[PDB]
Amino acid sequence: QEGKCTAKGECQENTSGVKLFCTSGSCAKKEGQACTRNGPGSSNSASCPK
């Protein structure tokens, strides 16, 4: 549950440590927003709070 963003522009998950893309939120340098994961393995999508 929940993931934080990095300097490259992607948000990572704290359980496994995998990097993913986000729709309707923006992952461009944050490091402490709490972005949630949707569709692991096949999709790699996330919803961030704006």
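Thresholds applied
Entry numbering is not used for residues: they are numbered from 1 along each chain in the order the sequence is written, which may differ from it, and residues without coordinates are omitted. The side-chain figures draw on all heavy atoms in the structure; neither hydrogens nor water molecules are used. Residues with missing side-chain atoms are left out of burial classes, side-chain pairs and their counts. The criterion is simple. A nonpolar core is a set of buried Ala, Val, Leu, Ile, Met, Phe, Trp, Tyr and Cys residues joined through side-chain atoms within 4.5 Å. Burial status follows relative accessibility: with a 1.4 Å probe on protein chains alone, a residue under 20% of its type maximum counts as buried, one over 50% as exposed, and anything between as partly exposed. A contact between two residues is defined here by any heavy atoms of the two lying within 4.5 Å. The definition used for a disulfide is geometric: two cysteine sulfur atoms within 2.5 Å. By the criteria applied, helices consist of DSSP H or I runs no shorter than four residues and strands consist of E runs no shorter than two, each listed in order from the N terminus. Counted charges follow a simple rule, with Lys and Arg positive, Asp and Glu negative, and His plus the chain ends left uncounted. By definition here, a salt bridge exists when the distance from a side-chain nitrogen of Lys or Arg to a carboxyl oxygen of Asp or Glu is within 4 Å. The definition of a polar contact used here is a pair of N or O atoms within 3.5 Å, where within protein one atom must be able to donate a hydrogen and the other to accept one, and adjacent residues in sequence count solely through side-chain atom pairs.

- As stated in the entry header, the method of structure determination is solution NMR.

Observations regarding the nonpolar core
Working step 1: Counting residues in hydrophobic clusters, the biggest one holds 8 residues: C5, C11, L20, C22, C27, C35, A46 and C48.
Working step 2: Among all residues touching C5, those that are not within four sequence positions of it are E10, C11, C27, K30 and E31.

Side note on the state of the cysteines
Working step 1: Applying the stated criterion across every chain, the model contains 3 disulfides.
Working step 2: Here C22 is linked by a disulfide to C27, with a sulfur-sulfur distance of 2.0 Å.
Working step 3: Looking at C22, the relative accessible area reads 8%, which means it is buried.
Working step 4: Once the bonded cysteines of the chain are numbered in order along the sequence, the disulfide links fall as 1-2, 3-4, 5-6.

Thoughts on the side chain of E13
Working step 1: Mapped onto the fold, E13 is located in strand 2 (residues 11-13).
Working step 2: Buried charged residue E13 carries no salt bridge. Nearest counter-charge: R37, at 4.3 Å.
Working step 3: Reaching out from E13, the side chain makes a polar contact with the side chain of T15 at a distance of 3.0 Å.
Working step 4: Each residue touching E13, except ones within four places of it in the same chain, is listed here: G3, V18, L20 and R37.

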